[PDB]
Structure formats: C-alpha cells, structure tokens
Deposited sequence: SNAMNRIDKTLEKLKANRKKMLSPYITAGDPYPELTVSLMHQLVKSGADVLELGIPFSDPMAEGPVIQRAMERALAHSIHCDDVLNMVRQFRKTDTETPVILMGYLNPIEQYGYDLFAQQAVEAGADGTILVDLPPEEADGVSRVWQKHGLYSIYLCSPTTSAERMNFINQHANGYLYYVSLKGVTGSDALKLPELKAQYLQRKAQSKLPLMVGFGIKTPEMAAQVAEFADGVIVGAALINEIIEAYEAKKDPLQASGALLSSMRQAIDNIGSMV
C-alpha cells in the first residue's frame, strides 16, 4: 500500500513546493467545529493536517496547547471521538493526509493494536507520539507497521547518534524538528545539520507565528508546522464572537501565499 503521506510529499517535492501543516486540537473550542475547521484549513492551503488528541497530563506542552486540551477535555473528547471526526472528514476528503498527535498513555490504555487498526480504518495516515522516546518505540513501531500506520518522529539540534539511528530505521514519511532565544541563522544552521543526518524530509515545528516567519523558514526548510499561532487565532475569534473559519482561513492562506512567493 502507498501511504497518503508519501503520495503528498512526492508531489510537493517534484514541484519544489514546501509543506504547510497546521495543528489543531480535536474538540476545541467545541466538538462540532473540528471537522469544519479541518476542511477550512485544506481550502486555505494545508498539505497535511495534524489533529491533536486531548490528554489530561500534558506537562510537555506550552500554555497555548495546554489550554486547548483543557477546553477539549471539558467536552470529554477522547480517542474514539477523534477517530469519528476523522471518519466524518474522510467522507468528503480522501486525499489530504491526517496525522494524529497525542500522548502514549491514552493509546496504550486503548490498546496498541486496536488503536492502530481503528485509526487506519477511520482514515488516519500516521501518528506523532509526543512522549514516546525513540529508545522506547520498538513495540509501537512493529504494530504500526503491521497496519501501515506511519510513525512520525521528533528530532532536535541535540538528537544523539544512536537515537538518530533509532529514528532512521523506524520513521516514515517525515520528521518533526524542534529546538526546545533561538535566532533565524542559528535555526537555519542547526536545521540543515540535523537534516543531513536524516533519511526523511524535515519539517520545522515551532516558532511560526506570522506569514513572514513562515516564509523565512520555508526558504531553507522542507516544510513548516503551525500550531500555537493557529490555535490562538481560532480561540480569539471564538471569544470575540467572530467566525473562527474566516479567521483560521485568512491566517493559513496568508502563510500559504508568503511561502509560495518565497
């Protein structure tokens, strides 16, 4: 089988088009908006969608994501609810790759094989498990492989030689680059250095707040991941009693254009 992620990245690579991937938390600010948001993001230029599974103990996330998860958990949105959203999305979008981002604990509670099976059946193409270090990922990788689910791994300026060895023979699709006062030339230097160690394309997954910054990064990077900025744009629209679809659409579309004109 050919994974949606590989199909999408091949087309982008052939056209010298940089990947743009928004993150949103499923269920935030309320469950009925999530699928509509997903479709809006695609309309506004998303190549890949990152959909977050809310978790009760996100000690690793920044304040913006933390609050998003709290809002989603107020509606009791869990793994099965997120898969139902993916199913609904897939009714009118079969091309766009969907990546599920979450913590390991709800999934292990759910059951690895059962989760992988249902996630693939629902129409998800891969997962980012934020608290699963590569050293611990062997059981998961084998189960994911069985169902054709892709594992998206994180790396950083300080990813060790052996960990990189762990990432290269189990990762598929692409890698997620994060640095943790970091400036653009340092980011560029460290990114290109890490990219040289990776078999896969490397997407920058932090610090992208504006169309300008998105373009500056896309100038050297394979792709860009936008999280906190979009979440903030959406919840600010909701709290101001304005259309969150308009707000998120305008933001992502301005990033799409900035990147493509860069």
Just jot down which stretches of the deposited chain sequence have no CA coordinates, in the order they come. 1-2, 183-189, 272-275
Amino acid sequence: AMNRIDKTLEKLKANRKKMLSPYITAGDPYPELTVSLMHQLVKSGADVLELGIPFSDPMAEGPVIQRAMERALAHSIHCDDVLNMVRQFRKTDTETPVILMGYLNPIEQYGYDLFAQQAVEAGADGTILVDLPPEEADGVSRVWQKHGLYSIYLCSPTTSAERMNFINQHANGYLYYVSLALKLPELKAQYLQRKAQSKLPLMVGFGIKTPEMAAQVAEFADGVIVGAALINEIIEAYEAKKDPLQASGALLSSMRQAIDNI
From here on, numbers count along this sequence of modelled residues.
Take the C-alpha B-factors listed in the entry for 54-62 and for 37-45, compute each mean, and give the stretch with the larger one. 54-62
Mean C-alpha B-factor higher for 10-18, or for 246-254? 10-18
Quiz for you: based on the deposited Cα B-factor, which of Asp125, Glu121, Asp80, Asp93 is highest? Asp80
Peak C-alpha temperature factor (PDB record), options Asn172, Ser141, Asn84, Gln190: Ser141
If you rank every modelled residue in this chain by C-alpha B factor, which third holds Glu233: lowest, middle or highest? middle
Using only modelled residues of the chain, where does the Cα B factor of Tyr110 rank: lowest third, middle third or highest third? highest
Relative to the other modelled residues in the chain, which third contains the C-alpha temperature factor of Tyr150: lowest, middle or highest? lowest
Among the chain's modelled residues, which third holds the C-alpha B-factor of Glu219? highest
Quick tally, chain-level thirds of C-alpha B-factors: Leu73 sits in the lowest
